[PDB]
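Have a look at the structure below before the remarks.
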Amino acid sequence: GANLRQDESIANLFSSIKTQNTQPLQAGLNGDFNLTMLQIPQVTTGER
Amino acid sequence: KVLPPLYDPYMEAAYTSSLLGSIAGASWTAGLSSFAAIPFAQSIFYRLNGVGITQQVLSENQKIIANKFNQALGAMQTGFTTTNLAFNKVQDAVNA
Amino acid sequence: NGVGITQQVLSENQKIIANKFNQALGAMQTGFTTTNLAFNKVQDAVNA
Amino acid sequence: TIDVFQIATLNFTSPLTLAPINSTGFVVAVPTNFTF
Amino acid sequence: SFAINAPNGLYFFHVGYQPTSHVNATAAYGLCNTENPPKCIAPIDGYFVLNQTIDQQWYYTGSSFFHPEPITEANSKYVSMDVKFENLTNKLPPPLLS
Amino acid sequence: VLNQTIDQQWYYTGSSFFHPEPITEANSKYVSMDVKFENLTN
Ligand SMILES: *[C@@H]1O[C@H](CO)[C@@H](O[C@@H]2O[C@H](CO)[C@@H](O)[C@H](O)[C@H]2NC(C)=O)[C@H](O)[C@H]1NC(C)=O
Ligand SMILES: *[C@@H]1O[C@H](CO)[C@@H](O[C@@H]2O[C@H](CO)[C@@H](O)[C@H](O)[C@H]2NC(C)=O)[C@H](O)[C@H]1NC(C)=O
Ligand SMILES: *[C@@H]1O[C@H](CO)[C@@H](O[C@@H]2O[C@H](CO)[C@@H](O)[C@H](O)[C@H]2NC(C)=O)[C@H](O)[C@H]1NC(C)=O
Ligand SMILES: *[C@@H]1O[C@H](CO)[C@@H](O)[C@H](O)[C@H]1NC(C)=O
Ligand SMILES: *[C@@H]1O[C@H](CO)[C@@H](O)[C@H](O)[C@H]1NC(C)=O
Ligand SMILES: *[C@@H]1O[C@H](CO)[C@@H](O)[C@H](O)[C@H]1NC(C)=O
Ligand SMILES: *[C@@H]1O[C@H](CO)[C@@H](O)[C@H](O)[C@H]1NC(C)=O
């Protein structure tokens, strides 16, 4: 029961993805603000 | 047995990426039903304007504000030491 | 109106809004099943 | 579907991203239909 | 929100405004004319949208429902100059008229 | 605020940053009479 409740709580927390509109952030400088630290790097050599 | 977490780290990455992409918006409307495709820099400047900084100051100190924000984001690295309280909380959760 | 719906729309779609509200109140019954999380919480409190 | 269990992968598809326009202003998705 | 009685507490029915269909509307941060002291306006609890009631003819719509309406002092507020605002030389709203 | 852009000449400044600006209807609102308010003749 404890594990089931934890799973339900985490699913509830992560469910915000399905109903959240976003915009595609530019890689690196977003205007003059540098968000490279918080963005996932994209490398073609391997998997994402 | 130690059960695996409900989600792959890729799903958590998707959650955090959606959080990063959800930051920008109108930030002045009455409700939450409409999404405005306002870029990140414009949203940050609008947040600064709502804070109490007039548009003349924002227009004059554009590069200065951007540089200070970038300096803060760069200094975010140094907080992952034992001195910081939040990192201590992370290590405390791991230790528990 | 406070949500962000102007008075012109509210005056135009009065019956439509009332019908949607009534449909929501009538569909409130369907939530008393084992699938709903809040009903599960009620039964969990009773079980504790 | 009542013979063998299948293994699926959880994947949350976020709603389509509203790409900002290079015009003067911006594009906003304003509702035209709603429910309660 | 409506609260009813549950066996060991209170059961809340949170009624919320859920949109189903959206429309992509060309909006403006604000509008103002060409005067030596400029007079720039911004929407109140809404957007300055472009689509006609049924381009330089700007209307006002609510945040939670698309319904273009003429821009007046009822749904607009006076703000300082912003360089992202639209410079209007024709079809000025009554707030922008001198 | 009172300081000049660079006394009875009053300017407007933001809460979070000092930058005096001319007082207009954009940054001011009409309120009822208050005794502590400054009576301006010029
Ligand atoms: C934006 O921030 C990123 C990440 O902090 C910077 O990229 C770093 O640049 C330095 C200096 O060239 C390199 O040594 C690092 O390897 C880079 N990556 C990281 C993760 O630190 C970048 O220079 C910043 N500025 C711009 C204009 O993109
Ligand atoms: C609306 O007009 C204003 C005022 O003329 C413009 O703001 C100027 O834009 C130029 C060109 O980008 C800048 O160099 C100036 O610094 C801005 N300010 C001033 C006070 O001149 C604004 O760009 C115009 N906006 C649109 C959308 O056409
Ligand atoms: C601005 O003028 C108003 C109106 O004359 C002043 O308010 C009066 O102040 C006197 C003296 O303190 C009081 O006895 C009165 O009751 C106040 N009200 C009215 C309606 O006369 C106010 O004091 C002046 N303020 C300044 C800063 O000089
Ligand atoms: C809203 O959607 C309903 C069905 O959900 C439909 O009957 C109605 O005509 C729509 N109203 C519009 C598009 O204005
Ligand atoms: C609005 O544009 C998005 C892409 O930015 C698209 O997915 C959506 O269908 C559009 N909505 C319309 C045309 O009503
Ligand atoms: C309708 O709305 C769109 C929003 O993108 C706008 O570009 C267009 O000019 C409008 N058309 C009319 C005829 O009002
Ligand atoms: C500068 O600001 C001070 C604030 O105490 C004010 O008293 C003073 O008159 C101002 N001086 C000028 C020249 O604007």
Side-chain angles (χ1 to χ4, degrees), chain D, chain E residues 1-2 12-32 34 40-69 71 75-76 79 81-91 93:
Chain D
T1 36
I2 202 69
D3 46 348
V4 161
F5 272 80
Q6 286 171 287
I7 289 205
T9 62
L10 267 160
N11 264 114
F12 290 9
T13 89
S14 88
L16 289 183
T17 81
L18 198 56
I21 196 47
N22 210 32
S23 299
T24 297
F26 61 98
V27 51
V28 53
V30 197
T32 62
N33 209 285
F34 64 97
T35 36
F36 281 118
Chain E
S1 267
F2 310 101
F12 291 88
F13 300 105
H14 300 300
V15 186
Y17 177 85
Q18 223 72 52
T20 78
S21 88
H22 288 82
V23 69
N24 294 326
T26 310
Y29 296 99
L31 325 162
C32 51
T34 66
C40 305
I41 59 169
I44 297 180
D45 302 329
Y47 309 95
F48 284 161
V49 289
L50 204 38
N51 192 265
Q52 290 287 343
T53 41
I54 77 181
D55 189 2
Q56 310 115 14
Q57 178 49 44
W58 291 97
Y59 295 97
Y60 171 85
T61 207
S63 309
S64 301
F65 203 86
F66 189 80
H67 185 78
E69 302 163 32
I71 296 171
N75 50 48
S76 49
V79 285
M81 158 87 51
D82 189 8
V83 301
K84 308 186 315 300
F85 284 6
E86 301 258 4
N87 294 301
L88 294 177
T89 36
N90 191 29
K91 312 160 221 161

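Chain A is the first sequence line, chain B the second, and so forth, proteins listed ahead of strands; every chain is numbered from 1.
Atom CD of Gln18(E) and atom CZ of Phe34(D) lie 12.0 Å apart (nearest 0.5 Å).
The nearest pair of heavy atoms linking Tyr17(E) to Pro31(D) is OH-CB, 4.0 Å. When all heavy atoms are compared, the tightest approach of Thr24(D) to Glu86(E) is CG2-OE2, 3.3 Å.
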I'd like to know whether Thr20(E) forms a side-chain hydrogen bond (donor to acceptor under 3.5 Å, both in side chains) with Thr35(D), so could you lay out the CA-CA distance, the side-chain angles of the two residues, the decisive distance to 0.1 Å, and finally the verdict.
CA-CA 7 Å; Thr20(E) 78; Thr35(D) 36; 5.7 Å; no

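Of the atoms belonging to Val15(E), it is side-chain heavy atoms, and not backbone ones, that fall under 4.5 Å from chain D. Residue contact with chain D, scored on non-hydrogen atoms closer than 4.5 Å, involves the backbone and the side chain of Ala27(E) alike. Only the side chain of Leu18(D) comes within less than 4.5 Å of a heavy atom in chain E; its backbone stays farther off.
In this structure a side-chain-to-backbone donor-acceptor pair under 3.5 Å is missing from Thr26(E) to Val27(D).
Residue-level contacts of residues 62-69 of chain E with chain D, in order of numbering, are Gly62(E), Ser63(E), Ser64(E), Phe65(E), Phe66(E); threshold 4.5 Å between heavy atoms.
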